[PDB]
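These notes are about the structure you will find just below.
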Amino acid sequence: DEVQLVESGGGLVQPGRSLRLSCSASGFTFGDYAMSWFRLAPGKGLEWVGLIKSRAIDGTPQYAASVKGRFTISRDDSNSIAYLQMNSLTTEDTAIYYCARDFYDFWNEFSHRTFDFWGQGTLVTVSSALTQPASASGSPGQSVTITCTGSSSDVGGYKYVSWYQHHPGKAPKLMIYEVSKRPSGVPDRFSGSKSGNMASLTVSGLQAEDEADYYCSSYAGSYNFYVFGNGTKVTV
Numbered sequence: 000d001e002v003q004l005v006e007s008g009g010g011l012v013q014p015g016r017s018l019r020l021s022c023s024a025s026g027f028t029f030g031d032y033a034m035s036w037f038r039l040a041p042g043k044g045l046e047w048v049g050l051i052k053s054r055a056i057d058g059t060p061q062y063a064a065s066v067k068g069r070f071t072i073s074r075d076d077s078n079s080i081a082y083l084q085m086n087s088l089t090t091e092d093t094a095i096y097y098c099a100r101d102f103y104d105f106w107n108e109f110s111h112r113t114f115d116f117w118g119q120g121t122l123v124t125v126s127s150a151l152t153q154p155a156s157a158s159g160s161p162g163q164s165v166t167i168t169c170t171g172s173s174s175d176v177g178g179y180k181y182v183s184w185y186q187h188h189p190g191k192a193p194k195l196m197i198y199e200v201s202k203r204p205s206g207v208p209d210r211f212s213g214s215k216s217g218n219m220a221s222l223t224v225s226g227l228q229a230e231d232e233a234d235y236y237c238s239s240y241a242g243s244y245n246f247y248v249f250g251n252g253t254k255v256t257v
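Heads up: the sequence shown is residues 0 to 127, 150 to 257, going by the deposited numbering.
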């Protein structure tokens, strides 16, 4: 099959309005995985919106301070489809909204930490925390290093630092997880590392396809869950 996530429902909407985003999964046994909603907004970086776990765990959804009380996340295990309900939409809510699968099933110890298989996202336009060097460049074949500096409560408190690669209009993609692991099919020239409060990505032997925006993320404990950097344009 392949794992596929398709988010729908976005569009130009007037303020204070309500909108439901759908995410239809395929290719895995939907019921066994947390599903997380993320947001990419211009000027801001990537943001965690909320999380719903497998019903084999609790299922009670967790949201983020921002949307805490006006968004509501939901699942339909019978049709393998997660939902994001948005209420009282302000223009500061305009963004691309992404759907995500926990890297593991509810069985695994390391569940509820890393997310993968992001969809393309659906754009919502409404009418009317980790430090990351803005830019980096190199020549093809040369090396490059990206920094992601957070605090004790995030990068330096855990072994859950991810890096995503983002091409405009395309689904963000896991390059590195758990600080230094390469998912299946990420070339060993992408390298993860950390020390204290600062993580590092290293792209050895650059390539034309390697020119992208690179976002870093860390688990940030029970209260904040996730946090991101503002992204880095690598230019080859």
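Where is the CB? At the ideal position from N, CA and C, for every residue including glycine.
- Going by DSSP, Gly242 is part of the alpha helix (DSSP H) stretching over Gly242 to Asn245.
- Secondary structure of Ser65 (DSSP, three-state): helix.
- Judged by DSSP in its simplified three-state form, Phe102 adopts coil rather than helix or strand.
- Assigned with DSSP and collapsed to three states, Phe114 falls in strand.
- Checking the DSSP bridge columns, you'll see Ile56 has no partner listed.
- In this structure, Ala33 is the residue among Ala33, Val48, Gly242 and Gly26 with its C-alpha nearest to the C-alpha of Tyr103.
- Rounded to whole angstroms, the separation of the alpha carbons of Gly58 and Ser201 is 30 Å.
- As computed with DSSP, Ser160 is found in no beta bridge at all.
- Per DSSP, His187 is one residue of the beta strand (DSSP E) stretching across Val182 to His187.
- Using a Cβ distance threshold of 9 Å, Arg54 and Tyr97 do not count as a contacting pair.
- The Cβ-Cβ distance between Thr93 and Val66 does not fall below 9 Å.
- Judged by their CB atoms, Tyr198 and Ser183 are nearer to each other than the 9 Å cut-off.
- In this structure, DSSP gives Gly10 a state outside helix and strand, which the three-state scheme calls coil.
- Three or more Cβ pairs closer than 8 Å define a contact, and the stretch 16 to 27 falls short of that threshold against the stretch 156 to 174.
- With fewer than 16 other Cβ atoms inside 10 Å of its own Cβ, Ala229 counts as exposed.
- Taken atom to atom, the span from the alpha-carbon of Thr166 to that of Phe29 is near 37 Å.
- DSSP, read as helix, strand or coil, puts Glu46 in strand.
- When secondary structure is reduced to three states using DSSP, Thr90 falls in the helix class.
- Judged by DSSP in its simplified three-state form, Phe29 adopts helix.
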